[PDB]
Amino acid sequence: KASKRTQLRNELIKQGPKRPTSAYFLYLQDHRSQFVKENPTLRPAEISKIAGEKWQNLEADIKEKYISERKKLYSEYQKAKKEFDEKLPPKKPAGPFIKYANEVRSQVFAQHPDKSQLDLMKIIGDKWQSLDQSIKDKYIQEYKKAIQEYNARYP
């Protein structure tokens, strides 16, 4: 259940740029009217089933075109997505354990090549548990500066 700030982001992200239409769908729009002219008898659900197999069928010249147009459209979206996401309110600084895990995950993975990252996180948890206090405090004190700057920057 999202909290007040995640609702805001979620609501803010929702008004962000939307993913571009599928490459097929661009081809569908062009031959949608023709296709209705091809057949008024069949259901709209039937419409898309027959139309679907047209797309597989198209010669590469026309097909690829659409695909390429989708590539170009997606690229325009992804630029907007990066600039949109950078501008929106920042999440809170990660906690002491997270920063620690982030520093040692690389060595812990090399010492456990078989383990998935979920098991790495379990491992790093017990590593954090066994950490000396003084070492933990370094992460805890470091977090204090983190939210301190975060609170002074964003009061």
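Quick note: we count residues from 1 along the sequence shown, nothing fancier.
- Between 110-118 and 64-72, the higher mean Cα B-factor belongs to 64-72.
- The PDB entry records a higher mean C-alpha B factor for 28-36 than for its counterpart among 95-103 and 28-36.
- Sort the chain's modelled residues by C-alpha temperature factor and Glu53 lands in the highest third, per the entry.
- Split the chain's modelled residues into thirds by C-alpha temperature factor. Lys87 is in the middle one.
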